[PDB]
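Let us start with two forms of the same protein chain, each given on its own as structure tokens and named structure 1 and structure 2.
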Structure 1
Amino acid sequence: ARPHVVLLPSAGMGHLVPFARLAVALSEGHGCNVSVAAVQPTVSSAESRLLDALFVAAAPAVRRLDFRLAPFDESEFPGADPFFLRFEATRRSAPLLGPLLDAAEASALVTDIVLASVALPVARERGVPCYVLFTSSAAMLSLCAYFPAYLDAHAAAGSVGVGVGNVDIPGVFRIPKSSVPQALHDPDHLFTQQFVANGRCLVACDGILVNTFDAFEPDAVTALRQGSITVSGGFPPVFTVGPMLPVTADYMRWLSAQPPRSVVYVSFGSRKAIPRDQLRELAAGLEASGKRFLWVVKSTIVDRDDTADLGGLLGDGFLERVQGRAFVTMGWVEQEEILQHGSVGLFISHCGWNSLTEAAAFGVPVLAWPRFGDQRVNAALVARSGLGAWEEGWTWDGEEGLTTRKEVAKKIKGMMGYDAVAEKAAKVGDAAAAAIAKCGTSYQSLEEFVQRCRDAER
């Protein structure tokens, strides 16, 4: 009998991608039926394409469950990021999850961290076990879990403390103040209110899945499994299930024509647009590096809005001058496919977590260029694990300062010129493939989670 697992993602590819890979892992790999309760329409078109493809490729085990949004008035959070606004619109629709869950006869609910504080109560009154899929690193899970106690300890009669400094996560390490997600400095920020509420409820859920592997983050994973992080001393089981594997266009025809390990692939993720002054230094750094490069560019946060002319954003001269030696697009690329290709030798990445798991699975060295949110925490893991290297001094969003074309070009040449870089990254690939293979720590963790789902048949 196939356990029924209901999966409840939030908005953006960073939250949807790992849910689509989990669904396939649970269905093909462990004999589960999976219902993915996703909101329609999606903020980005890339989410729509991924959902459409998921429900074909992984049918009949994986199925769509329609989840309608109550109307939400965005006037409440003026100037908020569109994905954060969809996070909140979806959180206030959690009512509707109750009926859906009764109808699905779920063995278990797996909810996005983003939605955990509102999904867990609904699961409890419908009698369904409720697990959280944390979508970023174990280091960031350890931050999310400790941040409420941090804020509490720094609360002093006569106020609720504003700002964040160095965060000494028990039994893990120190997050320097400058690596704290920018939004967390404001306890009233839309993201922060969600992040704090979701961290508070984590002690009271049935377990937490993380798309990482023990050898990648041994200290963070060891602290989460002992419960160091909560001082109360009680934490749910943590299942390390990653790096989860993925489920011919002009850029691929180009790429296959290039020599092995020759191409610098460049992308800052699905929801970041680099300001133009920094964009020009990156263009000229790539040019000056002398390396072949494949560069994905965004002018807006949401792909649907992106109308800018590539020529108009970078330079019509630049584009003609790098013809042939390089490939530059403002459209979507199937990055999972690029990162498996033998012709890629370097990934300049914003250190979004799903991007890092992809470079980890395939052993691709990472030039870390974090921009916001969790990305400086994740960049320190890049450096720490030997997946790549990270110049801590490069500025990120909200800081003044510009990484120059010389800095880019020199760091690109060093990464590809120093063989230890490719070798360290390949050792991460080796450990990642082992983790998800039969005898690996991630395969076993996933087997244990599926066993829990089997024991919940009603």
Structure 2
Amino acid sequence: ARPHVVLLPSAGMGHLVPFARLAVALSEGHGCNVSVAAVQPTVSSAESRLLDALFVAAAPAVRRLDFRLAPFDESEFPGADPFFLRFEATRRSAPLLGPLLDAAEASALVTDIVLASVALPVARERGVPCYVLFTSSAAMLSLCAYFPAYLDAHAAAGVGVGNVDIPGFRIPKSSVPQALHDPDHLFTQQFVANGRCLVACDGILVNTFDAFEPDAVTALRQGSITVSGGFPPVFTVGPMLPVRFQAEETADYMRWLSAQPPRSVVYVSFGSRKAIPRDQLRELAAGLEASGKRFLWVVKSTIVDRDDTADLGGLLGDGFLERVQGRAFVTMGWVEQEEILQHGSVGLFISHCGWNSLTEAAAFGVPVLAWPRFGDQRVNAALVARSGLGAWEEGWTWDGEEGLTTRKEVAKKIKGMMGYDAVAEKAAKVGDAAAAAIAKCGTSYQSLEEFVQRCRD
């Protein structure tokens, strides 16, 4: 009999992608029936394309479960981004999960970490085991678990964050996610509320492998990060592989990559939606041109779902596009990043250190030039450097900090990463370890097997 696992992803590709990969790992790898609770329509076209692809490619084990949201008035948060508005509407619809869980006849609920505080009580009331999928690194999970206790210790009767010493490394004050400094920030309220409820759930799934973050996983497993010493089991199931889809047309960028020599291309992406200020963007563009390397650069518009091919001329100038025409592919369109990373022609990935991108780089042994921008990115950047996955210049500024990282710094960094043999070798070693972990008898496979075991019981 196939256990029925219900998945509850939050909005955005950062959340949906891991959920989609987990759905396949459970169904194809471990014989589960998986239902993805999905709200229609999606906030963005990429999520909609991903769901449509997932339901066809993973049929019939992976299925759509329609989730109807309670009416939400967007006037409460004027000017708020559509992803946050979808998240808040979902959070308020948490009581509607109870009828959905009973209709689903769920063996277990796997809730997104951002919805955990509201999902867990509903699951608890219905007697359904509730597990949490954490979308970032084990280091971020340890910070998330520890942060409420850290705040409580500093709560004198009658603000911001300093160095956070997680029991069992130090997150320096400049690496703390910027929103956490403001206690009233919406990100901060959810980060604390979700962190507080982690100890009360059945288990936590993390898209990482024990060899990648040995200290963070050990501390979580030992319960070092909580006042009581109690913590639920931690399943290291990463890096989850990309879903196998069938494309019917090869994309131009893939064709362009094929025309380039092995490991000659620097791929540049700052994630699913990060958009950068014109001054930083100019330095980045100039740095790339100055490097002399072939590059594939994906630029994100500030408007969701806008493919602004003409904005390239407005944003960077016609001259830059003209000058780099023979060695670069620059686009504002969505690309299938997982495919690009598996291509032999890619030698370097300049990334924002979003966890999903990092897992993809780790899985394929691609060196990463870490350029963290906000949130968990600096914490993730440190992992890239320590692991040997890539290099991080700590001095480069991030959002809210003064000072432009120049074209010269970018060019030197790119040239060095491409130039030095050790960088590719170290990244390859990370790939080898990740491959060992996800294989049969590997720690990640073992974790998934144990998790499904509990679902069968």
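Between two forms, the rigid core is the largest collection of C-alphas that superpose within 1.5 Å. Along the sequence of structure 1, residues get numbers from 1 upward.
Novice: Can you tell which of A308, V203, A273, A215 moves its Cα by 2 Å or more between structure 1 and structure 2, with the two forms laid on the rigid core?
Specialist: Between the two forms, the residue that moves is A308.
Novice: Rigid core aligned, does the Cα position of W369 differ by 2 Å or more between structure 1 and structure 2?
Specialist: For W369, whose C-alpha is compared between structure 1 and structure 2 after core superposition, the shift is less than 2 Å.
Novice: After fitting the rigid core, is the C-alpha of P121 off by 2 Å or more between structure 1 and structure 2?
Specialist: For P121, whose C-alpha is compared between structure 1 and structure 2 after core superposition, the shift is less than 2 Å.
Novice: With both forms fitted on the core, check whether the Cα of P187 differs by 2 Å or more between structure 1 and structure 2.
Specialist: It does not reach a 2 Å shift.
Novice: Once both forms share the same rigid core frame, by what distance in Å has the CA of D81 shifted between structure 1 and structure 2?
Specialist: On core superposition, this C-alpha lies 4.0 Å from its counterpart.
Novice: Quick one: CA shift at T329 between structure 1 and structure 2, core fit, Å?
Specialist: C-alpha shift for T329: 0.3 Å.
Novice: How many Å does the Cα of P41 travel between structure 1 and structure 2 when the structures are matched on their rigid core?
Specialist: In the core superposition between structure 1 and structure 2, the C-alpha of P41 moves 1.9 Å.
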